[PDB]
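Note sheet for the following structure.
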Amino acid sequence: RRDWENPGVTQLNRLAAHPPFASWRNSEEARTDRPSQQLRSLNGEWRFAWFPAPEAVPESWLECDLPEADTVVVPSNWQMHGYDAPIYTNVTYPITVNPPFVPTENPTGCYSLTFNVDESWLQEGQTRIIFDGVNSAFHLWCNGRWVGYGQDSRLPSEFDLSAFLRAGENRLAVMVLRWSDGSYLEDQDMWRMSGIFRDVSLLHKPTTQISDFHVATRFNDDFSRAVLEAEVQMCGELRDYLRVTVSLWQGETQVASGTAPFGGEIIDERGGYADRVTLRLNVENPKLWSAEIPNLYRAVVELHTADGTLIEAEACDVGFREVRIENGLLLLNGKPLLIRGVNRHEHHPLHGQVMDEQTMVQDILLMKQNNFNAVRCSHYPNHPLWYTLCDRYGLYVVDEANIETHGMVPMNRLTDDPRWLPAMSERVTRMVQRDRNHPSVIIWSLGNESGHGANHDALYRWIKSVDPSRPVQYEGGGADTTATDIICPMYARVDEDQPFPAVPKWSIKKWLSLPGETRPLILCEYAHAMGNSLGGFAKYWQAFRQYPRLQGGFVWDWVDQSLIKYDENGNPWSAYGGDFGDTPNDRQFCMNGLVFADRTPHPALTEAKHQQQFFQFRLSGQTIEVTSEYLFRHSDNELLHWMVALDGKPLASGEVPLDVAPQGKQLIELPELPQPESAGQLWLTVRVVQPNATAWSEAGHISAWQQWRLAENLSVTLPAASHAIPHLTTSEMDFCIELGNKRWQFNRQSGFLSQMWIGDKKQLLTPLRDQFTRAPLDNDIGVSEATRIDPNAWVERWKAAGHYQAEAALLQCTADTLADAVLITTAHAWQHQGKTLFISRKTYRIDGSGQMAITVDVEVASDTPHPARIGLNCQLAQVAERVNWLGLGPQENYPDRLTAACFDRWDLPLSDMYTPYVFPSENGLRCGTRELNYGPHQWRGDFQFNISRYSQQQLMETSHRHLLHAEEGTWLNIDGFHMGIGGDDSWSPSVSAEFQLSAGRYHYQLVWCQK
Amino acid sequence: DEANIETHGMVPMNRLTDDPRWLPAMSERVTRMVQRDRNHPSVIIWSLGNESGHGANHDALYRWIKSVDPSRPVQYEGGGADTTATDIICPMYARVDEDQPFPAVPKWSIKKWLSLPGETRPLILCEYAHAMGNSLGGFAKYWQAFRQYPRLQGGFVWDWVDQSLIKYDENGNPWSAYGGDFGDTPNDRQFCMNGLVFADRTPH
Amino acid sequence: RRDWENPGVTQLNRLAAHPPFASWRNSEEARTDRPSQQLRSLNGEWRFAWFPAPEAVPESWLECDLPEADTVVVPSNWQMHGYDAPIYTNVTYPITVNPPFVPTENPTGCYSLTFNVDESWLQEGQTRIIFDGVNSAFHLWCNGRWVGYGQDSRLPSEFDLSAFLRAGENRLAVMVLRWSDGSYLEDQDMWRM
Ligand SMILES: *[C@H]1O[C@H](CO)[C@H](O)[C@H](O)[C@H]1F
Ligand SMILES: *[C@H]1O[C@H](CO)[C@H](O)[C@H](O)[C@H]1F
Ligand SMILES: [Mg+2]
Ligand SMILES: [Mg+2]
Ligand SMILES: [Mg+2]
Ligand SMILES: [Mg+2]
Ligand code: NA
Ligand code: NA
Ligand code: NA
Ligand code: NA
Ligand code: NA
């Protein structure tokens, strides 16, 4: 029997699902949540052996250990141990579409564990084993005897071993199959791995036991009063003296309690549940749970004799909160949420899909520290501890079924098929039964990218039926189907309609007001953070803030799915699709996070932090108006820091305590500001600082900022009179300019400044030349394969237009001598195949002061695709340690992604000026720069620039950051103009029109000089 | 057209139908009936089964049908006759004028039933007028009510033909047998004969 | 595998359900509803033998007729031929309530049919067998070969025998279980056959 090829069979002998248990035999321990003697981890070293197929597994293995087996850690993904390659496929199934069949060649991991059990366990009650995560299906044997089977890689599979075990030494044998019929339901956009990847354990329950419990909180009109209802079920002989006591604690204070014998109310003609009972506990002025104030209580469920003897106790944390959609708004505790979310897979660059607390905690804190308040379990129920952490630190969670059939044709091929309803239902039901008591979980989701089938409808109703406390959403088939309480599209744009057939993605603002539509809209995915991305992020926020029913969304996504590999000399590097011989593959498309796999942030994180700020500011004269977007807490750990500077030079500064009630306002008037008579721009910057530490942040933490330009005093003063007057020396091939120790040289054949010297030091390795292209961003590439070309992608368009290959054609080059200067005038034509793409016209004006002033005017053919940038570039001979500038920063910032950055005086190590995106592209840009200083060089004007040891060409030819090599000297890219980077999606052009270089005529000017 | 699902003997009645583990088996009993009979014009209403209390399985299956075949109303009497798994108030044995206020699953008078606050559905009895033996007394009363109230749209009498079986005596003569006649026990004796006609189709 | 005690298994290898087909190869006949050559009845005389439990059934049966069997009409209810007794219970299940388990003593009707098929059937196309109603669960074998399993006493259970059939003489062996996990969903107020 090939059960792994029968969606009709998803388990055998498996126990029913339930909420997390520990069988504590001491109430006190349960209360304190101390560890339970009844719950043992079998995590650690296990025996493992790999086979190409299950038929290759040796019968002996069941009775005895294979000498050839190795000793490995569990949990783990075998690919992480090197047994076989991890595969990175997106939509396309990693195996042949032939449901419910799987390949004959099906990697099989045979696991085994030798262990002991004490008689105690054995002499009375129940001994069961729990496999938190097994990928994708598996058979289990104990002491040579087969126990059962299980499917669904993302939920615990449980079996009773009571009758398999013997005092002392026991042996587990787990035959784990890489693929199965459950795989047709596990087509998520991630690495395809396998193994015993989540905890293994053993739990002891008494014969008379708590088999299930449901915790509910209902409130009065103003939440000033609550009723906690606890439904408790038992297994065991039914007896009159049996009782249940449910007690509620706030810290060490017991706030409520109730006890009762089993026997629920009459429910139908045949009676009620004699094995159940419901406790109702009244709670006055309960402390409510939210992500802003994760207040929790402890619920302790005791199963005991009337007369006092405790049989066992189970327990959980409880968050009193109400989730509800009313009049088109998702409310929490009666207030409308504004979701600052992120999608997050369970990914680890070293361990793969194994999740540890450390990592979890870390993810949580960065998210909180970055203004996120919610997370989506893309696209499967997560490791148990995750929910507990969310409960405690405070995050809103979308709990999602492990059901993704994206590779099908059409997408709802299985979900619309009744024959698959059973396997699907279990993916939904068991999730619910497991996580229904976590307050963090506020919405249930039916899975992902599985089209829309009758099955979804059934399942949707099932949930609503069993747990009315939470809304249910699902994006499949159009995002606004009958199977979802929220309009939850992926990648719908703010203002821009994408009217695909059957499943259009309307402008989010238009979507809300479609006739008959009334639901709230929360994007299940938006702002694809792939590489140099997140352009247009603020646009979403502004809309979320203006329209009440736009209650936010979940960014796609949290961390890059990169895996660490090693080179010939044991140095580690970041790998993506195909880097393991895996094919077909989807290359870098598994890398779309705000942070790198090691959790180091991408520059975009900051953009996200800013836009998601919880405090809003307006300036009027010297009064700042602070508005609070907190729904529940007052600004009780916040201070306002302000500062005024003139061109980077600090004039004044102060700090003000924030005292803003949620949704409230606070006006802050600044002291008269000092008056400088000195020319330039005064800038005001404000930062909200958290004086004290929290469980998720260090004291001094900065949570919000904003900047404004105050007065400006135009410099009317005249530069100082120059003693010298530079000299020009002509030759047929060049024009040379000389002033003191400085000289410039311009090639007459090419029309460029080809050399500059300080003293006798040349300053350039490559001539200063115009630049209209960039090493393409992932967003510029979109899908566009080389086997498969997408003609509408930017890169493709640029490529086809010859942008990357046009050659400069000199139209003119001349020299004039001024009163106080030499003037070089040039003109070039950029053509491709007889087409004039661009025209550049310049003048170089060097005066007796040694300042070279470059004025540039370009023309762009209206019928050529809008160029990536309009600037100049050159390779400097020099390599300096720092880069100092007067403009936006300090981090990388692009035109459509620069709100977070601040204008000021920045000074970093050269290296911070490069963004080590794993898939290399244009990066490190800084906008709104008025002054840039490198080594003895200094540039002035109003531009954007980048500077690194890497040319655009290298960047463009290398696909892995580890393969980059510093070139001689430093490449400088100075732009008068730079195209937006986009990112509404990473597979169609996404740069908004306002950020495209379509004006046709461009002008800029810079002053190059020394210091 | 009614799904093959009846869990009458459970305690409480919805013990299985409300358990997700039984959703799969149950699902097939409905889905498969629909796939088979859906082109039949005579079938005008789908039933989720009989006497299985009211469980979440019912709701999901209810929805599966609505979704798959919107051409026909779906009914189910279990758990009260007016739950969320039924488009028609379809009680068994509710009386005309007399209320029988059973706990949890009362059988209101049908006329009163229709007008309960917020109730708007049509009401058609899945079973009424138990024709067991010398019976059918008060039949007219239903008819008068069905005729006067628009939303009282009729019902299905219980039931058509006596479930008696032929047995032969020593002298090989036949005779109608019922519960217990075959050594069968426990048994419900004459309870299997509630028809308007005898087993051989001769009318009562 | 005691598939009849696992509500997780309600069939094995069963084809998908669908409306009544006849596979006509002529439009006029389909229109007029005439009988169709592609659809053939196996009702008639079959061979039968009664056992008290699935375990009492001998393997011989799979390969060959059981001398002890009788020739009976099909379709039929074995309680009507005297093999065992019909049961009349209303609410209380006819078996002990302990889902998904059934009694160890569980009456088994071993049915069999020797028959032939047109060669052309063998040649090309698909040949499936359709059982309109089997109470309550059954295992099916063709020419010794195990074909599949089915539950739900009131809907047709269909199997492809394209691969099991053979030139001329074929033998079907149907092992039918009185009780099954299906019985828990079949508690209707009527005779239990
Ligand atoms: C939304 O799309 C992103 C694109 O990278 C991933 O494929 C997610 O799984 C999908 F739900
Ligand atoms: C309605 O009750 C009658 C009583 O004879 C029958 O038992 C039916 O099966 C039930 F639906
Ligand atoms: Mg299977
Ligand atoms: Mg997908
Ligand atoms: Mg079964
Ligand atoms: Mg009944
Ligand atoms: Na909003
Ligand atoms: Na992706
Ligand atoms: Na590249
Ligand atoms: Na009427
Ligand atoms: Na009856």
Side-chain angles (χ1 to χ4, degrees), chain A residues 1-12 14 88-92 99-102 136-139 148-153 157 177 179-191 268-270 343 345 347 378-379 404 406 419-420 422-424 426-427 448-449 490-491 525 528-531 533 556-562 576-577 585-593 778 783 919 985-987, chain B residues 2 5-10 13 24 49-53 77-78 92-93 126-127 158-159 188 191-192 194, chain C residues 8-9 12 88-93 185-190 192:
Chain A
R1 264 193 239 184
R2 294 175 79 72
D3 293 303
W4 62 90
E5 273 179 323
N6 187 356
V9 176
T10 56
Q11 57 90 14
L12 297 154
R14 189 161 58 195
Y88 174 67
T89 186
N90 173 15
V91 171
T92 303
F101 300 104
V102 318
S136 66
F138 71 106
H139 280 280
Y149 185 79
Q151 301 188 189
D152 190 345
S153 311
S157 274
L177 316 167
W179 320 115
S180 62
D181 58 78
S183 299
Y184 275 116
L185 309 180
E186 303 192 347
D187 198 42
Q188 283 82 349
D189 185 15
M190 68 186 196
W191 279 107
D268 58 35
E269 298 82 354
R270 298 285 281 170
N343 280 275
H345 268 283
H347 169 84
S378 43
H379 300 290
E404 174 163 356
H406 205 164
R419 314 247 281 165
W420 280 77
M424 283 173 70
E426 302 207 311
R427 283 149 181 280
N448 183 61
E449 305 185 296
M490 67 173 58
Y491 322 103
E525 291 156 89
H528 204 248
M530 184 176 188
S533 198
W556 186 272
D557 60 357
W558 187 239
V559 52
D560 290 336
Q561 287 186 59
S562 51
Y576 58 73
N585 70 78
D586 284 303
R587 340 164 269 113
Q588 63 256 232
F589 196 85
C590 56
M591 291 191 305
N592 325 139
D778 269 311
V783 287
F919 167 81
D985 73 62
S986 302
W987 46 92
Chain B
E2 187 151 291
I5 304 175
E6 168 156 0
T7 69
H8 210 164
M10 306 286 315
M13 213 187 307
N50 192 62
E51 292 185 314
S52 307
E77 167 294 333
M92 66 175 57
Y93 318 102
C126 69
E127 287 160 84
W158 187 276
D159 60 1
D188 293 287
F191 204 72
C192 59
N194 309 145
Chain C
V9 171
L12 290 156
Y88 173 70
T89 181
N90 170 20
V91 180
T92 307
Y93 277 102
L185 304 188
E186 314 177 348
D187 199 44
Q188 294 88 344
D189 178 10
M190 65 191 191
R192 311 306 174 100

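Letters go in sequence order (proteins before strands), and every chain restarts at 1. Computation of the quantities below employed the complete heavy-atom set of this structure, encompassing side-chain atoms and omitting hydrogens, waters and symmetry-equivalent molecules. When a ligand or atom number is given, it counts from 1 through the structure's own listing order.
- Put simply, OG on B:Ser52 and CE on B:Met13 are 7.5 Å apart, with the number rounded to the nearest 0.5 Å.
- For A:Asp189, the N/O/S atom at the shortest distance from the Na ion (ligand 8) is named OD2.
- Take the N/O/S atoms of B:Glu6: the one nearest the Mg ion (ligand 6) is OE2.
- In this structure a side-chain-to-backbone donor-acceptor pair under 3.5 Å is missing from A:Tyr576 to A:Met591.
- In this structure, a donor-acceptor pair under 3.5 Å is present between the side chains of A:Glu186 and A:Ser153.
- Here A:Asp557 fails the criterion, with no N, O or S atom under 3.0 Å of the Na ion (ligand 8).
- B:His8 has its closest N, O or S atom to the Mg ion (ligand 6) at the position named ND1.
- In this model, a donor atom of one side chain and an acceptor atom of the other lie less than 3.5 Å apart for A:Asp181 and A:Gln151.
- With a cut-off of 2.8 Å, the Mg ion (ligand 6) has no N, O or S atom of C:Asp189 in range.
- Remark: A:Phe589 CZ to A:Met190 CE distance equals 15.0 Å, nearest 0.5 Å.
- No donor-acceptor pair under 3.5 Å is formed between the side chain of A:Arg14 and the backbone N or O of A:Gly148.
- Take the Mg ion (ligand 3) as the corner point: the lines to OD2 of A:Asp181 and to O of A:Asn6 open at 90°, to the nearest 10 degrees.
- At a threshold of 3.0 Å, the Na ion (ligand 8) has a backbone or side-chain N, O or S atom of A:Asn592 nearer than that distance.
- Distances from the Mg ion (ligand 3) show that A:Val9 has an N/O/S atom below 2.8 Å.
- A:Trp556 pairs with exactly one of A:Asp189, A:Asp985, A:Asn592 by the side chain to side chain donor-acceptor pair (under 3.5 Å) rule, that one being A:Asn592.
- Residue side and main chain included, A:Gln151 places an N/O/S atom under 2.8 Å of the Mg ion (ligand 3).
- When the N, O or S atoms of A:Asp3 are ranked by distance to the Mg ion (ligand 3), O comes first.
- The atom of B:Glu51 that is an N, O or S and sits closest to the Mg ion (ligand 6) is OE1.
- Annotation: the span from C:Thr89 atom OG1 to C:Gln188 atom CD amounts to 12.0 Å, rounded to 0.5 Å.
- Here A:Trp556 fails the criterion, with no N, O or S atom under 3.0 Å of the Na ion (ligand 8).
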